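Residues per chain are reported as follows:
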Amino acid sequence: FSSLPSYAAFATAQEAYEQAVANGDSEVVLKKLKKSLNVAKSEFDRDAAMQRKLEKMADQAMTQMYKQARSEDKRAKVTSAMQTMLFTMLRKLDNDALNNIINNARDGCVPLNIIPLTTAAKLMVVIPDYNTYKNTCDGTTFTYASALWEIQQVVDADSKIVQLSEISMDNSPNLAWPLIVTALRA
Amino acid sequence: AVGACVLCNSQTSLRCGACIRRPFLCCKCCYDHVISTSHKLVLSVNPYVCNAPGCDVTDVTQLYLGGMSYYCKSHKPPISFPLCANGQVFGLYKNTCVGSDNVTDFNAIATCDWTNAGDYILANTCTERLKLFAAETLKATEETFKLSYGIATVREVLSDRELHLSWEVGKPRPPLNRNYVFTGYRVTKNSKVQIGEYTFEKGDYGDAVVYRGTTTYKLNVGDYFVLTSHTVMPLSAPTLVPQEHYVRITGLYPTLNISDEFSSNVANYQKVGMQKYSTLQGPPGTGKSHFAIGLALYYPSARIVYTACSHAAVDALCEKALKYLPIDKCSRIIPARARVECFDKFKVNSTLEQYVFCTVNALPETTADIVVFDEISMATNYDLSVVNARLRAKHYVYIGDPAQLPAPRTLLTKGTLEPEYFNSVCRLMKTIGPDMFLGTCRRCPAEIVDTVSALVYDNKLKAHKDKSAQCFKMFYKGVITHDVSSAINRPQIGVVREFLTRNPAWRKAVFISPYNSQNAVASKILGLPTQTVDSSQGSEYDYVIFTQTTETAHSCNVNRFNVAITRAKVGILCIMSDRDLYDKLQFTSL
Amino acid sequence: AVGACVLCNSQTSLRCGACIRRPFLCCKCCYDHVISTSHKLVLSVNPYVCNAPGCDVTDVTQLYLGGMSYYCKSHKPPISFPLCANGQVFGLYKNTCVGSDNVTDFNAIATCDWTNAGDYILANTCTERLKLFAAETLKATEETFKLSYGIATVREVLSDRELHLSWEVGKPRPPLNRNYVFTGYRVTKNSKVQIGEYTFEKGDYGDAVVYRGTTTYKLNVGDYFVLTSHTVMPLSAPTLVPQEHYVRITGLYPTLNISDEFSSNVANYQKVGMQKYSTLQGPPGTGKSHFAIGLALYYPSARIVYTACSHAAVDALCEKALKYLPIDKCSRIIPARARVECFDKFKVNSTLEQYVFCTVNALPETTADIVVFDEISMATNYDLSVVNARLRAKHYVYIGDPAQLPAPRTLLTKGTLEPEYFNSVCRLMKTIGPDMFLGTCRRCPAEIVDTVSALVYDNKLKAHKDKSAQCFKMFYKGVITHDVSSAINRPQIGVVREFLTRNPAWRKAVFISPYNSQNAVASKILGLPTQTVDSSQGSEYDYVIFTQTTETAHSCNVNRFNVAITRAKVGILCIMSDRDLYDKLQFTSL
RNA sequence: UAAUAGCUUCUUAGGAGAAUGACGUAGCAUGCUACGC
RNA sequence: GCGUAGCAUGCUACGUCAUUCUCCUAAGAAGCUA
Ligand SMILES: Nc1ncnc2c1ncn2[C@@H]1O[C@H](COP(=O)(O)OP(=O)(O)O)[C@@H](O)[C@H]1O
Ligand SMILES: Nc1ncnc2c1ncn2[C@@H]1O[C@H](COP(=O)(O)OP(=O)(O)O)[C@@H](O)[C@H]1O
Ligand SMILES: [Mg+2]
Ligand SMILES: [Mg+2]
Ligand SMILES: [Zn+2]
Ligand SMILES: [Zn+2]
Ligand SMILES: [Zn+2]
Ligand SMILES: [Zn+2]
Ligand SMILES: [Zn+2]
Ligand SMILES: [Zn+2]
């Protein structure tokens, strides 16, 4: 507003009007200067309206630009995170067993539900009570999915280590069921 | 995306879209770049174009934004305002942008086309964040320049070891060696894809190629060859990490019974282990290839990454480290595409080993204890920034002689780039001097080594040998044919075969030439193993023959002469054309 | 961001900007503090500066709350109103702030520079909240005094093991010992960035410092050092938890025939069990820290945390516990840097062990059943608040004596501090008396105790040994070399060296001297274990050589000399300076 | 760790519209007065 | 009677400001239901 010369025109018109009023100018000159001051102030506020629109749309454009830059610098982060997750999952794969079962496929296509069941090297058995434990994986080795597994660890629901001697019929009340047993393919 | 301005490092979100590299630019810096040069396109988080139904205005000094878009003057709303005003270009972080008056050289960096000599000389003395940008845009310019080339194909199936060449008409053809590789395109009917890369080399006569293959997939005529104008990634690491000294050697623990072979360099080994980065310039044939092995034997338990610009130097270093260093804890890292006949003698390609040898282009992002860069004359600033980005190590050692030949530097055609501005490291070696320098030359005869020390050097070289009395220098005319992109001297080989019968020594010689066409034709009529003047500089030989084809400023380049005549050890037949080149040196007349 | 007033614990949102610790103050208390002292800056949720375009007015009586911000006298919006008026200062919770009469001691605490002695006797006899605030601001002032130490630099390096030093001209030079560290600069053009953490110590010959670093960077001559700063954390817990007298032992359990050696202190163990906290005051070497281990043997199931202000005292306590307690259930907690070499014989740094020994500063937040603070003379109110905050407990036992040497108090340089103002615990001991008191020396021979019952204690101690006649008092002038800003007495060390080969049974006597410089430099010339008087407290040795370095008010301190001599177990040779001090004791001839 | 969808309350901001009032400018209509024909 | 100038009254258009209301959108807090 003050940068534009409309303020300068308003200020010089007001100064001339005040000077002539103090100097006792005639009524016709007084009305002439009043009209000139009125049109100068009219131009001043009219361009101040354009300045209001300028600053408003400039702030809106700046906020939009900040938001777009933020949403574009947050897209690259999630793209990199997804890429790292996918490549780590690639590196986790049991490549030889998966290659065997996928070359045995006629079309190259296999059900997903058999991918762990035939290639996973580690089995987690979650057991709710002692009778189930005795049924499924009693002893240090057991059979599941037509394979042989050897118990490598047992933990309780509290993620505390449990020894195979502590899983008994009388020590069952003292164990935080369920028990998660981790076994490796033999 | 936001980033840092190139010449003031303030936060910004603009970009000079007309530039090849599109560098970030702060507000005041972007205004100073656009009002001065002819780049009038600026890319913000959205491109600064005219978002009208029909109109296409790219200039930014003639764009006014309104509402939520940018239009020209014929499509703007009743509201204002200029995008490019008050000394600034409207972008993010408008009041954190500090101007800088180093745009007066950023204009010359961004707008030049590298045709003249001065572009390199002012693309190397600028600041660091412009040292990187100039190298990046130079590499981009070279890559785009290799896109205007004489695409070819194979005429028809001709041999299992050799193909033929059917080029297009009206376009130049590249040099042919292991450096220039070529790509086949399978646009057959049906879906252009890649089958494999072949490198090419001139044939015996007429039109033929004796090649080097990448993939076994044998094409019909359905493929045509281009020159793999690949992409250039941006570079971020500085050319040279800051020089910080250490009191006593850190992370490097000296050895027991290193050898009685190289025990005179123990002071230089420890001076290598002292600073952050060290510089060793050794005149041709003074043991820098052997100094690397000695350094590896002076700090026995430190993993060392050897690196070089080209396969020849790194392969010679690999062979020496096989001959001296322990062998099983070695690992040469080969490219997956295998554009060269690579080196398979070690337990190859295990990046988690101790002595890791590699090329600059194929370095994997890893860490080391002390990394030895070799042939810094060959390396451009891009290679230095790459080796600083991919490799983090406690010590860096740059070895190489700036008096040898520079990089190809294909774009340069007018004027001579003096050695000082080959790269940052050669500038260091000429400004203050190499930190280490070994001046006793162990390859050349007496007269040649004394005269080479008196040719350009400030008389600092000598030989621990006697002169073998089998180096010569003749003046035989050697009529020129030159009916190919380079000059050839066949009847000079005629004169040399008029000799070479009373001289049974060199009958296993390596042929060198100042022109790749004569080098290619010299391996055809007589099967001399060849090695170009560029492919030298890092290996030693005892039988080498070198002829001069022409007489010009490319024939009197004393850097090339010094890198040529210092690869033989006991015998060289050589052809001199100019009386200048017969009189700076002492040899028998015949 | 609201809080509680320091001296009335009303609700508030104001803080004093000029105060180092920036304490919360209610409206009435803040008005009383600012209208009387020179502090004239008040921080609310927003600071009370004047919000003109540019104006800097901070005095609160000048300002007004005008419009929506704080404005000065001739920048205010025409609508007022005054901030600092109506007997208050405008802040949150304005009509709930009850003042006090402690705005006469708080002015003195905030204003004082801790130079005189009366500041400490007013910082320890005030109310409980002021006891914490005064300790906090005292630690803050002790830390900010280090900011006035001269910036260093390096002269050169002839020897890489001994740095050369150069202090800035016109500033004081800090003392060279282990307690002070430094961090560097390289401000040339070119890296105004730190270059590592170093530390210094003087050399005997010429001007040199045999430095030490955390890394192995060398200093190009422009690189230099500045002493860093330790920010002081806020503290909340009371200095002493209020005492309650139980009818019977709660939370603790006796034992079955504790031992035949600890059978005398059973009544004091029961008294400890009865009360919330207990104080044990006794002359040195009477059974105070051998009372705590007996207490552990009397309450076997009780988890116990032993703590002390020093490291060499808690180390002696650890050794005694190893001699008595089961070694399996012990620990030792060390700080991350571990400036001193600590005790490594138990399972170090396991907080959840039954008996846990640590310094006050490195205490981890945990619980216990009784916490044993030892050598409360070394501890200030900050240490008491720290141990009362981090370690919850059921019973507290403070063992120590006021007549030993107090905490350093580096800022104090005028007058002397009486024992009853060392901290709150010593004040309790001297005012009403200790809860447990045992005067009978069980460690030192008859001669040294019969002399120390004349220096410090007014003929109170009988003791138990026989004077072995190996108590020696030497006459030697001892010329002065004020070298490291702590004196070194080379000829006295020479006297010792010339008469330590004449004493075949004194080859292992510990060397004690008040000055750390001579104490550290003696290691080369005689090779004995060395120890300063301040850290020797709490540890016993079979033989002691004490050397009064120079006559001063530091080495002729009766408390220091009494805590120095009484570490002997069978004999002690001491060389003295003061004609009075050598005469007040009754030792052998020489 | 926290789903899909519907409805409702409250608060803030922006735009558009409406209504009323106020000021200023321009255009048009009327009454009175001064000068010239 | 006409032209020029001035004052007063009225209507329309435009610009600015104050108040009230409606709606359209965005953002946030919350409640209930299936
Ligand atoms: N200590 C030494 N004594 C004698 N000859 C040496 C010694 N060290 C190196 N040399 C010889 O110097 C020559 C150096 O050439 P090279 O090993 O290719 O490295 P460069 O090309 O960097 O000089 C070698 O041929 C080697 O035989
Ligand atoms: N009941 C006792 N019987 C025999 N000797 C004791 C007895 N109590 C303590 N002592 C001896 O007295 C010394 C006192 O040591 P300490 O308690 O550390 O003294 P201080 O607490 O003053 O440092 C111990 O070294 C111990 O050998
Ligand atoms: Mg070499
Ligand atoms: Mg004790
Ligand atoms: Zn540009
Ligand atoms: Zn900039
Ligand atoms: Zn347009
Ligand atoms: Zn204050
Ligand atoms: Zn208060
Ligand atoms: Zn003001």
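Rules used in this analysis
- Residues numbered from 1 in each chain as written, not as in the entry; some residues may be left out.
- Chains lettered and ligands numbered in written order.
- Part of a larger assembly, values for the part shown.
- Heavy atoms only, no water.
- Residues with missing side-chain atoms left out of burial classes, pairs and counts.
- Helix = DSSP H or I, 4+ residues; strand = E, 2+ residues; numbered from the N terminus.
- Rg over C-alpha atoms; globule rule 2.2 N^0.38 Å.
- Donors = N, O, S within 2.8 Å, 3.2 Å for Na, K, Ca; no water.
- Axes fitted to C-alpha atoms, helices over the stretch in contact; angles between N-to-C directions.
- Parallel < 35°, antiparallel > 145°, perpendicular 65-115°, else oblique.
- Contact = heavy atoms within 4.5 Å.
- Nonpolar A, V, L, I, M, F, W, Y, C, P; charged D, E, K, R; others polar.
- Near = heavy atom within 4 Å.
- Polar contact = N/O pair within 3.5 Å; in protein donor to acceptor, adjacent residues only side chain to side chain.
- Pairing = 2+ DSSP bridges.
- Expected span 1.5 Å × (residues − 1).
- Buried < 20%, exposed > 50% of the residue type's maximum accessible area, 1.4 Å probe, protein only.
- Areas by Shrake-Rupley, 256 points an atom, 1.4 Å probe, with all protein chains shown as cover.
- Tetrahedral: all angles 85-135°; square planar, octahedral: opposite > 155°, others 65-115°.
- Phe/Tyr/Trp six-rings, centres within 6.5 Å; stacked < 30°, edge-to-face > 60°.
- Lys NZ or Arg CZ within 6 Å of the ring centre and 35° of its normal.
- Left-handed = near helix turned anticlockwise from the far one by under 90°.

Structure determination for the deposited model, as stated in its record, used cryo-EM, and the stated resolution is 2.91 Å.

A. Broad picture of the overall build of chain A. Secondary structure summary: chain A contains six helices and four strands in total. Sequence-ordered secondary structure for chain A, helices as α and strands as β, is α-α-α-α-α-β-α-β-β-β. Relative to a compact globule of 186 residues, whose C-alpha radius of gyration would be 16 Å, chain A shows 42 Å and is clearly more extended. Structurally, chain A occupies a C-alpha span of about 120 × 50 × 20 Å along its principal axes.

B. Up close: the coordination of the magnesium ion (ligand 3). Here the magnesium ion (ligand 3) is held by the protein donor atoms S289(B) (N) and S289(B) (OG), which lie 2.1 to 2.6 Å from it. Note on placement: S289(B) falls in helix α6 (residues 288-298).

C. Structural detail: the packing of helix α2 (residues 27-73) of chain A against helix α3 (residues 75-92) of chain A. Residue and element names in this part refer to chain A. Put simply, α2 and α3 touch, their axes get as near as 3 Å, and they point 10 degrees apart. Our classification of the angle between α2 and α3 gives roughly parallel. Together, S71, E72 and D73 of α2 and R75, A76 and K77 of α3 make up the contact between the two elements. Its residues placed into classes, the contact of α2 with α3 shows one nonpolar, one polar and four charged.

D. Just the protein's contact with RNA strand E, in detail. Residues and elements named next belong to chain A. Around RNA strand E, a shell composed of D45, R46, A49 and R52 is seen. Atoms of RNA strand E within 4 Å of the protein belong to the sugar or the phosphate in 100% of instances, the rest to bases. Between RNA strand E and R52 there is a distance of 2.8 Å, counted from a phosphate oxygen to a side-chain nitrogen or oxygen. Residues belonging to the surface near RNA strand E are distributed by class as follows: one nonpolar, no polar and three charged.

E. Focus on the protein's contact with RNA strand D. Residues and elements named next belong to chain A. Taken together, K35, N38, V39, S42 and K56 are the residues near RNA strand D. By atom count, sugar and phosphate contribute 100% of the portion of RNA strand D lying within 4 Å of the protein. Side-chain polar atom of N38 to a sugar or linking oxygen of RNA strand D: 3.3 Å apart, as the coordinates give it. Side-chain polar atom of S42 to a sugar or linking oxygen of RNA strand D: 3.3 Å apart, as the coordinates give it. Here the surface near RNA strand D is built from residues that sort into one nonpolar, two polar and two charged.

F. Region of the structure containing the pairing of strand β2 (residues 141-144) of chain A. All names here are of chain A. Taken together, the four bridges between β2 and strand β3 (residues 147-155) define a ladder with antiparallel strand orientation. Bridge assignment links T141 to a residue of β3, and that residue is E150. Taken together, β2 and the strand that follows it, β3, pair antiparallel across an intervening segment of two residues, in which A145 is found at a positive phi of about 60 degrees.

G. Spatial organisation of helix α4 (residues 128-145) of chain B. Given a rise of 1.5 Å per residue, 18 residues ought to cover 26 Å, and the 26 Å separating the end C-alpha atoms of α4(B) matches this to within 8%. In terms of burial, α4(B) is largely enclosed, as 13 of its 18 residues are buried.

H. Quick peek at the site of ligand 2. All names here are of chain C. Inspection of the region around ligand 2 gives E261, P284, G285, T286, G287, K288, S289, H290, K320, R442, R443 and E540 as its neighbouring residues. The contact in question runs from an oxygen atom of ligand 2 to an N or O atom on the side chain of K288, over 3.0 Å. Between ligand 2 and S289 there is a distance of 2.7 Å, counted from an oxygen atom to a backbone nitrogen or oxygen. Look at ligand 2: alone it shows 570 Å² of surface, and the protein chains cover 81% of it.

I. Structural detail: the environment of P514(C). All names here are of chain C. Mapped onto the secondary structure, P514 falls in the loop between β23 (510-513) and α12 (516-525). For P514, a relative accessible area of 5% puts it in the buried group. Each C-alpha atom of the pair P514 and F546 lies 8.8 Å from the other, and the pair is 32 residues apart in sequence. Not counting residues up to four positions away in its chain, the partners in contact with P514 are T532, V533, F546, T547, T549, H554, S555 and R560.

J. Local environment of the coordination of the zinc ion (ligand 5). Residue and element names in this part refer to chain B. Distances from the zinc ion (ligand 5) to its protein donors, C16 (SG), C19 (SG), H33 (NE2) and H39 (ND1), fall at 2.0 to 2.3 Å. Each of the four donor atoms bound to the zinc ion (ligand 5) contributes to angles spanning 88 to 133 degrees, and the resulting shape is tetrahedral. With relative accessibility at 0%, the residue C16 sits in the buried group.

K. Examining the sheet that holds strand β24 (residues 571-574) of chain B more closely. Residues and elements named next belong to chain B. Reading across the sheet, the three strands line up as β22-β23-β24 and stay open at both edges, with parallel pairing between neighbours. The open sheet has two free edges, formed respectively by β22 (510-512) and β24, since each of these has just one partner strand. The average undirected angle you get between the axes of adjacent strands in this sheet is 20 degrees. Sheet analysis places strand β23 (residues 543-546) next to β24, joined by four bridges and oriented parallel. Directly across from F546, in β24, lies its bridge partner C574.

L. How the structure looks around unusual backbone geometry. With an omega of 0 degrees, the peptide bond between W177(A) and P178(A) qualifies as cis. Tracing the chain through its elements places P178(A) in the loop between β3 and β4 (179-185). Phi is positive for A145(A), close to 60 degrees, though the residue is something other than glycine. Mapped onto the elements of the fold, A145(A) is located in the loop between β2 and β3. Unusually for a residue other than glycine, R22(B) sits at a positive phi of about 55 degrees. One can find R22(B) in the loop between β2 (11-12) and α1 (27-36). Judged by relative accessible area, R22(B) falls into the partly exposed class, the value being 39%.

M. Representation of the sheet that holds strand β12 (residues 212-213) of chain C within the structure. The four strands lie next to each other as β12-β11-β10-β13 (chain C), forming an open sheet whose pairing is antiparallel. Across the chains shown, the open sheet's two edge strands, defined by having one partner strand only, are β12 and β13 (224-226) of chain C.

N. Fine view of the packing of aromatic side chains. Using the criterion set out here, one finds 48 aromatic pairs over all chains in the structure. Centre to centre, the rings of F10(A) and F44(A) are 5.7 Å apart; their planes meet at 20 degrees, and the pair counts as stacked. Residue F10(A) is found in helix α1 (residues 5-22), and its partner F44(A) is found in helix α2; the two are separated by 34 residues along the sequence. Take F44(A): its relative accessible area is 16%, and that puts it in the buried class. Ring centres 5.6 Å apart and planes at 50 degrees place the aromatic pair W114(B) and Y120(B) in the tilted group. Side by side, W114(B) and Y120(B) carry an identical accessibility label, which is buried. Taken together through their ring pairs, the aromatic side chains of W167(C), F182(C), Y198(C), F200(C), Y211(C) and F225(C) make up a single cluster. One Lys or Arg, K323(C), reaches over the ring of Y324(C) and ends 5.1 Å from the middle of that ring.

O. Up close: the pairing of strand β11 (residues 194-198) of chain B. Residue and element names in this part refer to chain B. Across the five residues that make up β11, a large majority, four, are buried. Note: strand β10 (residues 182-185) against β11, three bridges, orientation antiparallel. Along β11, the bridge assignment pairs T183 with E197.

P. Spotlight on the packing of α1(A) against α2(A). All names here are of chain A. Contact pair α1 / α2: the axes reach a minimum separation of 9 Å and the direction vectors enclose 160 degrees. Our classification of the angle between α1 and α2 gives roughly antiparallel. Remark: the crossing between α1 and α2 carries left-handed chirality. Here α1 contributes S6, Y7, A9, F10, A13, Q14, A16, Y17, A20 and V21 to the contact with α2, which in turn contributes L30, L33, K34, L37, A40, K41, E43, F44 and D47. Residue composition of the contact of α1 with α2, grouped by class: 13 nonpolar, two polar and four charged.

Q. Region of interest: the site of ligand 1. Residue and element names in this part refer to chain B. Taken together, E261, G285, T286, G287, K288, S289, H290, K320, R442, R443, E540 and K569 form the complete shell of residues around ligand 1. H290 has a polar side-chain atom sitting 3.3 Å from a nitrogen atom of ligand 1. Note that a nitrogen atom of ligand 1 is positioned 3.4 Å from one of the side-chain N or O atoms of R442.

R. Representation of the side chain of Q518(B) within the structure. All names here are of chain B. In this fold, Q518 is placed in helix α12 (residues 516-525). On the basis of relative accessible area, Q518 is assigned to the buried category, the value being 0%. Contact partners of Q518, with chain neighbours within four places excluded, come to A487, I488, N489, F511, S513, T547 and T549.

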